[PDB]
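Next comes start_3.cif, with mmCIF, C-alpha atoms.
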data_work
loop_
_atom_site.group_PDB
_atom_site.id
_atom_site.type_symbol
_atom_site.label_atom_id
_atom_site.label_comp_id
_atom_site.auth_asym_id
_atom_site.auth_seq_id
_atom_site.Cartn_x
_atom_site.Cartn_y
_atom_site.Cartn_z
ATOM 1 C CA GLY A 47 17.722 -19.246 -12.486
ATOM 2 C CA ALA A 48 14.704 -17.845 -10.638
ATOM 3 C CA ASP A 49 14.233 -13.999 -10.308
ATOM 4 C CA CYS A 50 12.227 -11.818 -7.828
ATOM 5 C CA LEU A 51 12.112 -8.501 -9.848
ATOM 6 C CA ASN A 52 8.886 -9.872 -11.427
ATOM 7 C CA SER A 53 7.203 -9.576 -7.932
ATOM 8 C CA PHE A 54 7.242 -5.733 -8.114
ATOM 9 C CA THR A 55 5.241 -3.072 -10.034
ATOM 10 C CA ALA A 56 5.982 0.657 -10.384
ATOM 11 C CA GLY A 57 3.340 3.168 -9.148
ATOM 12 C CA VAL A 58 1.858 5.871 -11.444
ATOM 13 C CA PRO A 59 4.080 8.939 -11.939
ATOM 14 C CA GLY A 60 3.100 12.334 -10.487
ATOM 15 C CA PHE A 61 2.527 10.963 -6.943
ATOM 16 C CA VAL A 62 5.213 9.544 -4.547
ATOM 17 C CA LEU A 63 6.017 8.694 -0.908
ATOM 18 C CA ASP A 64 6.997 11.705 1.313
ATOM 19 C CA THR A 65 8.679 9.205 3.762
ATOM 20 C CA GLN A 66 8.801 11.456 6.878
ATOM 21 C CA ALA A 67 4.978 11.772 7.211
ATOM 22 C CA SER A 68 4.468 7.982 6.835
ATOM 23 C CA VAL A 69 7.224 7.061 9.337
ATOM 24 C CA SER A 70 5.530 9.464 11.765
ATOM 25 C CA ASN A 71 2.285 7.524 11.082
ATOM 26 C CA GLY A 72 3.899 4.071 11.581
ATOM 27 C CA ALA A 73 6.130 3.221 8.554
ATOM 28 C CA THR A 74 9.817 2.246 8.814
ATOM 29 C CA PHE A 75 12.813 3.409 6.818
ATOM 30 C CA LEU A 76 14.946 0.181 6.687
ATOM 31 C CA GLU A 77 17.451 0.305 3.781
ATOM 32 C CA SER A 78 18.934 3.239 1.765
ATOM 33 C CA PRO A 79 21.115 2.117 -1.223
ATOM 34 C CA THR A 80 23.361 4.417 -3.330
ATOM 35 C CA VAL A 81 22.637 2.388 -6.510
ATOM 36 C CA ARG A 82 22.328 4.122 -9.900
ATOM 37 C CA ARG A 83 19.488 2.170 -11.646
ATOM 38 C CA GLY A 84 15.787 1.619 -10.863
ATOM 39 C CA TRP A 85 16.028 -2.215 -11.078
ATOM 40 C CA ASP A 86 19.141 -2.114 -8.807
ATOM 41 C CA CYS A 87 16.858 -0.407 -6.210
ATOM 42 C CA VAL A 88 14.055 -3.034 -6.675
ATOM 43 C CA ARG A 89 16.460 -6.015 -6.170
ATOM 44 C CA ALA A 90 17.417 -4.449 -2.821
ATOM 45 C CA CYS A 91 13.708 -4.463 -1.674
ATOM 46 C CA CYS A 92 13.658 -8.179 -2.627
ATOM 47 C CA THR A 93 16.537 -8.949 -0.145
ATOM 48 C CA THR A 94 15.278 -6.607 2.626
ATOM 49 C CA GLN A 95 12.564 -8.820 4.193
ATOM 50 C CA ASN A 96 10.309 -6.060 5.657
ATOM 51 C CA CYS A 97 10.549 -3.783 2.541
ATOM 52 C CA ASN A 98 7.222 -3.117 0.714
ATOM 53 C CA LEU A 99 8.053 0.242 -0.977
ATOM 54 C CA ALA A 100 11.145 1.203 -3.060
ATOM 55 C CA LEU A 101 11.411 4.989 -3.780
ATOM 56 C CA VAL A 102 13.906 6.516 -6.320
ATOM 57 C CA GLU A 103 15.267 9.870 -7.503
ATOM 58 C CA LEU A 104 15.668 10.279 -11.332
ATOM 59 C CA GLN A 105 17.824 12.457 -13.737
ATOM 60 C CA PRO A 106 21.451 11.730 -12.564
ATOM 61 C CA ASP A 107 23.085 11.569 -16.052
ATOM 62 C CA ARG A 108 20.896 9.330 -18.341
ATOM 63 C CA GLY A 109 17.538 10.700 -17.212
ATOM 64 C CA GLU A 110 15.492 7.475 -16.885
ATOM 65 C CA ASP A 111 17.975 4.632 -17.660
ATOM 66 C CA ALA A 112 19.527 5.681 -14.340
ATOM 67 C CA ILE A 113 18.705 7.064 -10.827
ATOM 68 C CA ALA A 114 20.479 9.398 -8.363
ATOM 69 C CA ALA A 115 19.405 7.632 -5.114
ATOM 70 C CA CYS A 116 17.335 4.706 -3.626
ATOM 71 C CA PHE A 117 15.109 4.584 -0.440
ATOM 72 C CA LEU A 118 13.325 1.489 0.946
ATOM 73 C CA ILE A 119 10.324 1.825 3.312
ATOM 74 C CA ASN A 120 8.012 -0.716 5.047
ATOM 75 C CA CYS A 121 4.899 1.610 4.837
ATOM 76 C CA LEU A 122 2.849 -0.680 7.148
ATOM 77 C CA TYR A 123 1.798 -0.430 10.826
ATOM 78 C CA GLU A 124 -0.199 -3.081 12.755
ATOM 79 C CA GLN A 125 -0.691 -4.651 9.255
ATOM 80 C CA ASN A 126 -2.373 -1.419 7.976
ATOM 81 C CA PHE A 127 -1.336 0.729 4.989
ATOM 82 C CA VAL A 128 -0.023 3.945 6.699
ATOM 83 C CA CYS A 129 1.896 5.024 3.582
ATOM 84 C CA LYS A 130 1.678 8.840 2.895
ATOM 85 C CA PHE A 131 1.931 10.635 -0.471
ATOM 86 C CA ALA A 132 2.460 13.984 -2.216
ATOM 87 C CA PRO A 133 2.651 15.432 -5.786
ATOM 88 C CA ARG A 134 6.219 15.578 -7.236
ATOM 89 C CA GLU A 135 8.731 16.315 -10.052
ATOM 90 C CA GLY A 136 11.904 14.095 -9.901
ATOM 91 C CA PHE A 137 10.763 10.789 -8.203
ATOM 92 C CA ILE A 138 8.976 7.357 -8.487
ATOM 93 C CA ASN A 139 8.260 4.330 -6.285
ATOM 94 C CA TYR A 140 8.023 0.564 -6.888
ATOM 95 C CA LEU A 141 5.434 -1.479 -4.929
ATOM 96 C CA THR A 142 5.271 -5.242 -4.162
ATOM 97 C CA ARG A 143 2.499 -7.518 -5.525
ATOM 98 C CA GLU A 144 1.092 -7.446 -1.935
ATOM 99 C CA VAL A 145 0.818 -3.563 -1.642
ATOM 100 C CA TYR A 146 0.389 -2.459 -5.303
ATOM 101 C CA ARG A 147 -3.292 -3.610 -5.075
ATOM 102 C CA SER A 148 -3.763 -0.852 -2.405
ATOM 103 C CA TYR A 149 -1.677 1.799 -4.226
ATOM 104 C CA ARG A 150 -4.103 1.695 -7.199
ATOM 105 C CA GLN A 151 -7.178 2.270 -4.951
ATOM 106 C CA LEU A 152 -5.832 5.731 -3.933
ATOM 107 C CA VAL A 153 -4.779 6.947 -7.461
ATOM 108 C CA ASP A 154 -7.566 5.563 -9.743
ATOM 109 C CA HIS A 155 -10.124 7.789 -7.925
ATOM 110 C CA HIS A 156 -10.215 11.553 -7.114
ATOM 111 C CA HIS A 157 -11.777 13.520 -4.192
ATOM 112 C CA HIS A 158 -12.225 16.887 -6.024
ATOM 113 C CA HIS A 159 -14.789 17.490 -8.840
ATOM 114 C CA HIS A 160 -12.282 19.979 -10.425
#
Mind converting the file's structure to structure tokens?
Amino acid sequence: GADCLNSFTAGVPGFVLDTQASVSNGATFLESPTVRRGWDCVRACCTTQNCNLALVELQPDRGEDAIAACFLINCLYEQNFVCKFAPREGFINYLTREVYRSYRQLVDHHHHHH
């Protein structure tokens, strides 16, 4: 039948959500599944109505076929994008078709000349 996993897009690797700095800026941590695959984490953000970001931890046993943990965050406050980020090693985050258009505007361009 119909499927909502096609409404999400993964963000570029190297940069992910720090969670605690964004929730202190207005974001909300809503759901936290113990699923073991990236698409099992995305289907949870499809059923959690206020979820816009789905963060995961990699390298449990299979490396990238599987994940160690899943964290869902709203990342919005007064309709603004208050989502905070940092450089990383073992993580990635999926965005919705509504917020992925903003996630690209902060990774396609760089502040430093070197």
Discussion item. Since I can't run it myself right now, could you work out what the PyMOL selection byres ((chain A and resi 96) around 10) selects here and report it as a list in words?
Written reply: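 With the shown file as input, the PyMOL selection byres ((chain A and resi 96) around 10) matches residues 74, 75, 76, 77, 91, 92, 93, 94, 95, 97, 98, 99, 118, 119, 120, 121 and 122 of chain A.
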Export, as an mmCIF file, in the coordinates of the input, the selected residues with C-alpha atoms.
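This went into result.cif:
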data_model
loop_
_atom_site.group_PDB
_atom_site.id
_atom_site.type_symbol
_atom_site.label_atom_id
_atom_site.label_comp_id
_atom_site.auth_asym_id
_atom_site.auth_seq_id
_atom_site.Cartn_x
_atom_site.Cartn_y
_atom_site.Cartn_z
ATOM 1 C CA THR A 74 9.817 2.246 8.814
ATOM 2 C CA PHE A 75 12.813 3.409 6.818
ATOM 3 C CA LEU A 76 14.946 0.181 6.687
ATOM 4 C CA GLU A 77 17.451 0.305 3.781
ATOM 5 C CA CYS A 91 13.708 -4.463 -1.674
ATOM 6 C CA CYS A 92 13.658 -8.179 -2.627
ATOM 7 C CA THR A 93 16.537 -8.949 -0.145
ATOM 8 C CA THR A 94 15.278 -6.607 2.626
ATOM 9 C CA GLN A 95 12.564 -8.820 4.193
ATOM 10 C CA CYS A 97 10.549 -3.783 2.541
ATOM 11 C CA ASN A 98 7.222 -3.117 0.714
ATOM 12 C CA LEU A 99 8.053 0.242 -0.977
ATOM 13 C CA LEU A 118 13.325 1.489 0.946
ATOM 14 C CA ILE A 119 10.324 1.825 3.312
ATOM 15 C CA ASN A 120 8.012 -0.716 5.047
ATOM 16 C CA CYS A 121 4.899 1.610 4.837
ATOM 17 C CA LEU A 122 2.849 -0.680 7.148
#
Worksheet item: Distance atom CA of residue A:115-atom CA of residue A:87, one decimal place?
Response: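 Computing it gives 8.5 Å between the two atoms.
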Discussion item. If we count all atoms listed in the file and set the cut-off at 12 Å, which residues sit around residue A:110, ignoring sequence neighbours fewer than 4 positions away in its own chain? Please answer as a list in words.
Written reply: residues 82, 83, 84, 85, 102, 103, 104, 105, 106, 114, 136, 137 and 138 of chain A
Worksheet item: A:101, A:113, A:88, A:132: which is nearest residue A:52, counting all atoms listed in the file?
Response: A:88
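Across A:139, A:65, A:148, A:89, the tightest approach to residue A:53 is made by A:89 when counting all atoms listed in the file.
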Item to complete: Considering only C-alpha atoms, state which residue in the set A:58, A:51, A:69, A:100 is at the smallest distance from residue A:123.
Response: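 Residue with the minimum atom-to-atom distance to residue A:123: A:69.
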Selection in question (the file shown): the PyMOL selection byres ((chain A and resi 153) around 12). Which residues does it include, as a PDB file with C-alpha atoms, keeping the file's coordinate frame?
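Written out: part33.pdb:
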ATOM      1  CA  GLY A  57       3.340   3.168  -9.148  1.00  0.00           C
ATOM      2  CA  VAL A  58       1.858   5.871 -11.444  1.00  0.00           C
ATOM      3  CA  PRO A  59       4.080   8.939 -11.939  1.00  0.00           C
ATOM      4  CA  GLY A  60       3.100  12.334 -10.487  1.00  0.00           C
ATOM      5  CA  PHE A  61       2.527  10.963  -6.943  1.00  0.00           C
ATOM      6  CA  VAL A  62       5.213   9.544  -4.547  1.00  0.00           C
ATOM      7  CA  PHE A 131       1.931  10.635  -0.471  1.00  0.00           C
ATOM      8  CA  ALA A 132       2.460  13.984  -2.216  1.00  0.00           C
ATOM      9  CA  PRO A 133       2.651  15.432  -5.786  1.00  0.00           C
ATOM     10  CA  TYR A 146       0.389  -2.459  -5.303  1.00  0.00           C
ATOM     11  CA  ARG A 147      -3.292  -3.610  -5.075  1.00  0.00           C
ATOM     12  CA  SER A 148      -3.763  -0.852  -2.405  1.00  0.00           C
ATOM     13  CA  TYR A 149      -1.677   1.799  -4.226  1.00  0.00           C
ATOM     14  CA  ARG A 150      -4.103   1.695  -7.199  1.00  0.00           C
ATOM     15  CA  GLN A 151      -7.178   2.270  -4.951  1.00  0.00           C
ATOM     16  CA  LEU A 152      -5.832   5.731  -3.933  1.00  0.00           C
ATOM     17  CA  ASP A 154      -7.566   5.563  -9.743  1.00  0.00           C
ATOM     18  CA  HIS A 155     -10.124   7.789  -7.925  1.00  0.00           C
ATOM     19  CA  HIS A 156     -10.215  11.553  -7.114  1.00  0.00           C
ATOM     20  CA  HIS A 157     -11.777  13.520  -4.192  1.00  0.00           C
TER      21      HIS A 157
END
Test item: axis-aligned box, all listed atoms of stretch 109-122 of chain A, 4 Å on each side, centre and edges in Å rounded to one decimal, as AutoDock Vina command-line options:
--center_x 11.7 --center_y 5.0 --center_z -5.3 --size_x 25.6 --size_y 19.4 --size_z 32.8
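Take the candidates A:55, A:159, A:90, A:117 and check each one against residue A:144 using only C-alpha atoms; the shortest distance goes to A:55.
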Worksheet entry | Atom-to-atom span, atom CA of residue A:143 and atom CA of residue A:109, Å | 26.4 Å
Item to complete: Using atom CA of residue A:140 and atom CA of residue A:63 as the two end points, give the distance in Å to one decimal.
Response: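 Here the two named atoms are 10.3 Å from each other.
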Response to the item:
Closest of A:81, A:145, A:56, A:50 to residue A:128, counting all atoms listed in the file, is A:145
